[PDB]
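1. Just dropping in an experimental structure and the matching sequence.
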Amino acid sequence: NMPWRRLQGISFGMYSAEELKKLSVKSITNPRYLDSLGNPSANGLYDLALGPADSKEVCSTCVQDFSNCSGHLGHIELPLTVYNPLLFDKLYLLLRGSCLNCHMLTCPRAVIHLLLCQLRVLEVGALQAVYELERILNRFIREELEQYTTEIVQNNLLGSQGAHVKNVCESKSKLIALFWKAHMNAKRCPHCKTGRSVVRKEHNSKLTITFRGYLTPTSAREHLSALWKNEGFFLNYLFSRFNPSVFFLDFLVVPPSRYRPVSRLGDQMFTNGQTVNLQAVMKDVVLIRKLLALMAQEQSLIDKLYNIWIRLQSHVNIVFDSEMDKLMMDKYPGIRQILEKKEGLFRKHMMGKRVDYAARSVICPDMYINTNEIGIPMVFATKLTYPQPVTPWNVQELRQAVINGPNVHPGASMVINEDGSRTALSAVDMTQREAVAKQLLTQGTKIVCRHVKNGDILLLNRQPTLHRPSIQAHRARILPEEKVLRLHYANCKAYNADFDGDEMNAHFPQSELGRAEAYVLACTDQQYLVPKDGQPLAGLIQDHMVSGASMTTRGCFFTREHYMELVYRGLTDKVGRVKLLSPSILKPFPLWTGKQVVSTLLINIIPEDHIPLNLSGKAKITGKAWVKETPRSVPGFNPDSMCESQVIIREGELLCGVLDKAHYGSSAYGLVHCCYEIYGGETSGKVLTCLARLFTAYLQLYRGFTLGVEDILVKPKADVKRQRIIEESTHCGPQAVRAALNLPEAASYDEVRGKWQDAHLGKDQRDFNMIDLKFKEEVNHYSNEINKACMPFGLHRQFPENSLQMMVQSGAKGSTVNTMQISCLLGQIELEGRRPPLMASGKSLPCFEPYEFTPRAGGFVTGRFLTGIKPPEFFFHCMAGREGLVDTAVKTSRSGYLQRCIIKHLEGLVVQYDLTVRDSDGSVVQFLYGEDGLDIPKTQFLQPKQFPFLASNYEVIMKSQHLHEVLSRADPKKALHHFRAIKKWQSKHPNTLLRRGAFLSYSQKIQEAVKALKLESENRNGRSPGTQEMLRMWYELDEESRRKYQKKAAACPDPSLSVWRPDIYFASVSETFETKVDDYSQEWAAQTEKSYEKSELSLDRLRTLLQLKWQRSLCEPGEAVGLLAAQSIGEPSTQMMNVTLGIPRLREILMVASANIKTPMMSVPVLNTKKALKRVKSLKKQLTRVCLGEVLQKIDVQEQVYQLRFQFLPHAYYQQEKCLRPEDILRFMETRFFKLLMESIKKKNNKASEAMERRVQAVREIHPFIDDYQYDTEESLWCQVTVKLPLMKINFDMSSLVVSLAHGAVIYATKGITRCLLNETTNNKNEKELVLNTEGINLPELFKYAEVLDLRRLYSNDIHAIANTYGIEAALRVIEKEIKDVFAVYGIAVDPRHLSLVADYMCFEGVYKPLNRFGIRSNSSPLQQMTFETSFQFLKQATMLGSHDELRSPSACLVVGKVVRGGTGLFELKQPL
Amino acid sequence: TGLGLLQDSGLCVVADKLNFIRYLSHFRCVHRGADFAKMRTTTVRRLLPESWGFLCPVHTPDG
Amino acid sequence: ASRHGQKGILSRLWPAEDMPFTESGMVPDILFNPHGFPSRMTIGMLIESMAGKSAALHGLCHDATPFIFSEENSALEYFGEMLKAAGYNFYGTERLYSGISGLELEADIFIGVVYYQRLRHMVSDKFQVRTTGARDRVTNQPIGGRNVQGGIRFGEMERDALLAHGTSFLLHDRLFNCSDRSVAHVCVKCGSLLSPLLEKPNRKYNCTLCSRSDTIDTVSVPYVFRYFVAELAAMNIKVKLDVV
Amino acid sequence: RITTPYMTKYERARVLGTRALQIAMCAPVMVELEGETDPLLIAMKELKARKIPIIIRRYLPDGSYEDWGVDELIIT
Amino acid sequence: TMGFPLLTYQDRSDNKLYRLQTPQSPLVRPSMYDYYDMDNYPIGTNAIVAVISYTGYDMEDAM
DNA sequence: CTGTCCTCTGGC
DNA sequence: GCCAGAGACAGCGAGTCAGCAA
RNA sequence: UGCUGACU
Ligand SMILES: Nc1ccn([C@@H]2O[C@H](COP(=O)(O)CP(=O)(O)OP(=O)(O)O)[C@@H](O)[C@H]2O)c(=O)n1
Ligand SMILES: [Mg+2]
Ligand SMILES: [Zn+2]
Ligand SMILES: [Zn+2]
Ligand SMILES: [Zn+2]
């Protein structure tokens, strides 16, 4: 009978220090805690009043033993006051900004009172009052602010419960942080100008006031006690009614002894790390108590008192935070280390507890148990026990279990009594078990702990759990004589199990209410589709794909007896007749087709009442794989009308198609995906099981699959071409490298080696990667030439009869990159995206000359695994294969952290009963989940191109799911009228960006006015002479209430999902779905007309069908979609050119939210006008940066009289694409470089111990060092300068300075843009597009070219710059597009409904907030936010603020032992009386 | 003085005769260092072409 | 495992009369699925099979030294000539019968002799089942080892993947009713877990801070939460909890 | 009165679990069981017959609730 | 690998020591296997392997 | 080994 | 008062099995 | 607890 009482809220505050007393059984005084023999020494840390530490003893405080005694608290009473280590830093500030003389803070009372009032208003939730108070102040003190603040707090009370929400915690956080950060600095005192008694704290345990005295915690305590008195009204709000006394400790609390368990350490049998810290405090207390007595029996004595104080304070620090004090040793870890880390106490024993009734063993392939079952090896089954209550309808089978005993299988290990408990049957006398088989049904009934009984439900987990499908429920099929847990192969891809030693865990629910959820929710057939993109997860693999593709091929004929025994061996049917087919060939000999075997297996599995399905699709095996012989042309035949590439199932009977991986597989829209749509998830599991069994029987009985050497071999007469191509490839190095260094086209054979060496020993190393790339391209051309010679038709056996092809080609295993690289080429090795690295001497391998041009020396392997690879190629291949593993390890290490952070922020977002996605505190993140509802897995067939399937299978879909009942219980008028209104509006307004307005609509008289009326005036008030006539005619010279130009200019009706509640309102669908339905109805009523088949479906029954199928795919209330978004962004990354890629970019976007990204960019289309195309050339040449260093030949420095001649470059080769002129360049030196030069000369010397004339004169007017430069009337011939510092300066090779400065000196550049470039083509549809990409980011510096470039369509990857020029609703879409483009480079595709939620959460509160440790500060849950990271900072915060927790997060709900507030726990049950 | 070493652990290890190919590989092992097992960057794991004939490309633990 | 990195567990012990027998009377003793080759490209196993079959046939002993067989002199050519010199076929395929239906399979199978090693990892050393047993005495949770009985750790990844199913009661079972579950009782007015104290024997828990015994009520709470409250009190922090 | 009329899958799961935990504690079965020893099969048999006197109390995010009958709820 | 670890039992008193009963010497082996006689300590057995898909229990790395 | 804090310090 | 100098400072995947020494 | 091996 449980306590029955539940928790609503947990608040963290500070204990008085006077109420801790009476929370204390006794004061401990004896240092030595371990007795001579290992027992507790009286009055020591381990005592018998602080509780029995072990079961041996009984506590003195309450007589009770271990395992039944809640431990008790005790206190080491300290000799003198010490500061508390957590409230210490704040104390320091409370003493830094304050007058020790006046005892008042040095802050202007304006700030004090403003912040006081803002806190008073925040305490009730009022959030506009904050800025209203601040503006009331600035426009104007206590009476001015307190009136408004009291009016708010009074008119807006009843909101103390509705104040624990994000956006109310962020504001208080920011206010108090800004206060502590900006207004607590040491300042001259207001009232007495000399009140800076500068407290300045050294390492912790040390505060020093000046006239350099040592602040004694008693003097600091009195200072705080007298400062509170003057400034309490203000601080009681900055700290909650905090007493200043809490900032100081007069005793330390020793926790109960049951929580401090003695283990062992080197050379010490009984020691806990926590007692070793508390023992050090007790030992210092004893030394200090002696010195005080020495003073009583009475500078060294008091210097010793001040030194032992500092030591005791570092001993009380270490007790709180092992690493607060770094100069002490024998320091075991404090409480900050007991709580805050991955080892910790939250990420272990709090979120990751260890569980009973669970097994773990190696998993083995089964395949002869149904896909929803696990095989249990009779050793778990005899130990795993479920507690079944005994009742009239089970007392018979329970009686057999208690009789069978603890060791026979349908048995039981124990039986729990009504009031007593735990009478174990494990005896093997077989008579007392019978003595107790009676007395069952002889209050709460006896419960028999029965064993696993062949129908039980078990949760199975594989340990890298990266998605929801990694935990699924299975049905306990008991197997005898094994120690392995057997699992079907359709459930492999879901877990990623591989049967190579693959331990897996099995959990056994014990509640009968978690069994209901394992059956209904966690079942393994509700898990058919992955939640990432809704595509199927379960499917057949390997030889069930090569078996089904070779049986469903056109030339497979079976006699009656192989037809049968192949149907019954796939079925193994248990009930009802087997419905057979008719022979396809009836005459020369009755024969079947193999497609008929699959057909007849398909019409028996589909449920009896339901009718077989129709299906049309494509096969994975291309119809070109079968073309042996050159194809000829028949005039009227479309070869694809009758091809093995088109799968056509017509009423459950396969009529055409091979049925490879595209069906039976993990590919969407196949046969099993449609089975799962029309008939449910159990029928798709049945289909998978039966098809696996059939395709196994086929290969095991009549056919066989193998992979010899005559299917990897290559024809002769085809290896001769391969050999000649490999011979040709050994001559393509010189040309490649040369034409990449832009060297003279020929005549240089040794200048090229020297240029390569220079590029290799260079500093930048980007003229070396150029050679690497332009060499890889040549080698890749050659490699592609070789594959074509051998792989398609140079093989000895072709695809229908090749075993390697037909394994990579039907999706069984491998890719076309594996088939090659086994035959005819291994390829070009690439380690970091580059060729193998060279040695320090210029050779890549000891076998190769230095700087060798042959591609072989760069990792181009022309050998194959058929005929092995030579030693040098072996080396490069090993380098690559090894970097692969290193990268795997590191990548997973980073992905784990990314996913943990994401999951720790988006976990509380669940769909509510009003279809709105709200967080734990009620903050609305989205008003409709995917922007339309419609969870992902159900929206797979609502795409167009899947309607011709729903139309074909209409009768099955209505009978099996919606039925005639729902179609006629639907009333669509409210939503249908809304769409009619929308359609009419959009009919009257084709261009929806045309500035509709009443008055604007009353500009059709425009000609009426411009004709003669307004011809006489000027711009009276800036508007116009002719605009005033329109204003006069409209204003009051129009009808009173019949001037209705308004209706012709009114807004579009708002979308239906917005007004008409998509769940309870029929026909209320999304504006993009109804368009698709209209298009398809129009393209389907014009197909029925020319159909030669009878269609008994009408466009207006298909419409209702689609509308019901939409209304039903609507994201059940309680879905917890934020966790699904987290896991869907995590799993693909965890598993898996001038921009960033991979997890670096994902972490830049999500976890960091940086304003500085490594590769910022832009892309504005070019306006498509003849003038724009001409102006853009100049635009590109205008924004590239030209730097003094990019235009210079060499300097000539002479040296205290230091001359300098720059000698600039000729315009032939830099004016072409930089838009510069020599007068501007030289003028730059006179005004910027030649004064930054003196700036740097002072930077060094501060810590060292007719017309030529006006230019020179003004220049030396401004500086006192220069003498005279030069002039160059002919293209900058000789332009030097002269300086001199005559007395004493450090004459060294100052060329260093004037060269380190002539690099970061840029003539002129647009801020933030480093280079532009016009990537000519970006489209094929409208190929005419041009894009001006950039590698910097300055949005406003492009606004000036709104006629050259399209400033709508401007894009940047920055997301902080977009959020500052266009707003936050425009940064949402940039975030979403960035995540999508990051995932796209790998072929991954996360559903948009997940990125929508992630972007809506990140940009919730007006700013692009990072999804990381600093984003949780604006979070309304202290118990969360401390289960993530920096748990001790978030605990100190929550403690000095009195922060309250509502126990509504998943973390706060799992910490205090509640039921999470999403999914199954979102409602009550309320049994009525 | 750490002996001019830079490492203070894993200096001696158990030689286990599970097989004679586990045993013979304890007297031919060369450990880059025990501290490098804790590093973000992986550049002491690159198999450079200067260990040709001195270290085996294939024989390296694979975790 | 083989000598080429093809490790795998033993999944069945196929009866000797259900194995596909060859036309020579033989019957394999290892069955190896042919789908580990296409993605792993261990073409050395397909050559070792032929080399070992040729060795067993001719009483020879061939060497598998790397880099001894070139493109011109291939290994498959060499060992297929060896096989064809023994009456077998070049490509190393002998045709089997089905030991279950008795019919000659349509495909001729690739059979040979390869050298298998047995690995030291056995299910007998890696299998665990726990029902009830020992407990960490600081947190009162399963102990966490296999030599000791020990429980398996559920984990935060598993806790976050189990509440994506909407199963809050499977989570309640695993994390609460199986690992740690206590009945620590609190003073309802003071709202403190440390305050209720037993008496000296009508055994009434009496609140120490306020002397009332009508205010104490039992709450079902984890044990690590009581440990957490105790170690917080150690720091003078107070956890005030609202009972309903 | 404004929430969806159907019974979400989480509600079906929790109602089956609670009805099963009741049946197992010796509660009268109003469904005429026919030899099955599983309380969850019996709970499904009862849910299919529309005999479950439980009141789903759907909570809205502001504390307001709506009390639906398990009989007056469209089970898919 | 479980093999033949040594010849002196009755003397070692190790903790664990895995022994294979009847090891054989590979019929196909590199010549270096014969320079360091590694047949004093064999490691496995020769088996007649057929590469066939026949059972339904040998898929995904199982044998 | 990276990016923000973030608390000085220091110069201006 | 404006914004570099830093100089701390915190984070760094999940699970599992042993042995040995202190 | 630690540290040295190892498994997916
Ligand atoms: N440190 C690790 C190593 C492995 N794992 C897990 O084990 C799986 C198989 O490892 P694996 O190394 O066998 C990869 P697989 O694709 O199966 O290999 P193949 O190409 O030879 O078929 C990985 O995908 C992870 O889920 C982990 O969580 N942590
Ligand atoms: Mg594996
Ligand atoms: Zn007690
Ligand atoms: Zn003052
Ligand atoms: Zn009380």
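-> Yes, it's here. Residues are numbered from 1 along each chain as shown, chains lettered A, B, ... in the order given. Ligands and ions are numbered 1, 2, ... in the order given.
2. From here on, just use CA atoms for contacts and neighbour counts.
-> Fine.
3. if you look at the strand or helix carrying residue A:872, does any of it touch DNA strand G?
-> In this assignment (DSSP states H and E), residue A:872 forms part of helix A:871-905. Yes. Part of helix A:871-905 sits near DNA strand G under the criterion CA under 7 Å from any atom of the strand, namely A:889, A:892, A:893, A:894, A:895, A:896, A:897.
4. So the fifth one is in contact with residue A:1132, correct?
-> No. Distance between residue A:895 and residue A:1132: 9.5 Å, which falls outside the contact criterion (CA atoms under 8 Å).
5. ok, and what's touching stretch A:199-215?
-> Identification of contacts with stretch A:199-215 by CA atoms under 8 Å, 6 or more residues apart in numbering or on different chains yields A:83, A:92, A:95-96, A:197-198, A:216, A:306, A:310-311, A:313-314, A:317, A:324-325.
6. quick one, phi psi at residue E:45?
-> Backbone geometry at residue E:45, expressed as degrees, to the nearest 10, gives phi -140, psi 150.
7. okay, now it: neighbour count?
-> Using other CA atoms under 10 Å in any protein chain shown, residue E:45 has 18 neighbouring residues.
8. tell me which parts of chain C are close to ligand 5?
-> C:190, C:207, C:210 (CA under 5 Å from the ion).
9. For the first one, give its distance to DNA strand G.
-> Distance from residue C:190 to DNA strand G, counting by CA to the nearest atom of the strand, to the nearest Å: 33 Å.
10. Count the residues that sit near that residue.
-> A count of nearby residues for residue C:190, using other CA under 10 Å, gives 17.
11. residues contacting residue A:1206?
-> Residue A:1206 makes contacts with A:1192, A:1193, A:1194, A:1195, A:1196, A:1278, A:1279, A:1280, as judged by CA under 8 Å, 6+ apart.
12. Return the subset of the residues of chain C next to ligand 5 lying in strands.
-> Using DSSP state E, the subset of those located in strands is residue C:207.
13. With respect to residue A:711, which of the residues of chain C next to ligand 5 is nearest?
-> Nearest to residue A:711 among these, counting by CA to CA, is residue C:190 at 81.4 Å.
14. sec struct for the nearest residue to residue A:1124 once chain neighbours are set aside, please.
-> Spatial nearest neighbour of residue A:1124, excluding adjacent residues (CA to CA, 6 or more residues apart in numbering or on different chains): residue C:164 at 6.3 Å. Following DSSP: H, G, I helix; E, B strand; the rest coil, residue C:164 is assigned to coil.
15. What residues does chain A have near RNA strand H?
-> Contact residues (CA under 7 Å from any atom of the strand) of chain A with RNA strand H: A:265, A:343, A:463, A:464, A:497, A:498, A:500, A:501, A:502.
16. about what we covered before: so is the following helix or strand past the helix holding residue A:872 next to chain C?
-> Heading C-terminal from helix A:871-905, the first helix or strand you meet, by DSSP H and E, is strand A:910-911. No. Residues of strand A:910-911 are not located near chain C by CA under 8 Å from any CA of the partner chain, the shortest gap being 9.8 Å.
17. Do any residues in strand A:910-911 lie close to chain D?
-> No. Strand A:910-911 is not in contact with chain D by CA under 8 Å from any CA; minimum separation 10.1 Å.
18. Now the residue located most distally from the centre of chain D: closest residue in space that isn't a chain neighbour?
-> Computed with CA atoms, centre = their mean, the residue of chain D farthest from its C-alpha average is residue D:62, at 24.7 Å. In this structure, residue D:62 finds its nearest non-sequential neighbour in residue A:922, 7.4 Å apart by CA to CA, 6+ apart.
19. again, but for residue A:1190
-> Nearest to residue A:1190 is residue A:1303, by CA to CA, 6+ apart, at 7.9 Å.
20. secondary structure element for the one you found?
-> Going by DSSP H and E, residue A:1303 is not part of any helix or strand.
21. For it, grab the count of nearby residues.
-> Neighbours of residue A:1303 under the rule other CA under 10 Å: 14.
22. And residue A:378, by the same measure?
-> Residue crowding around residue A:378 was assessed by other CA under 10 Å; the count is 21.
23. Secondary structure element for it, which one?
-> Going by DSSP H and E, residue A:378 is not in any helix or strand.
24. Just give me the neighbour total for the closest residue to it other than its chain neighbours.
-> The shortest distance from residue A:378 to any non-neighbouring residue, by CA to CA, 6+ apart, is to residue A:480 (5.2 Å). For residue A:480, the neighbour count with other CA under 10 Å is 12.
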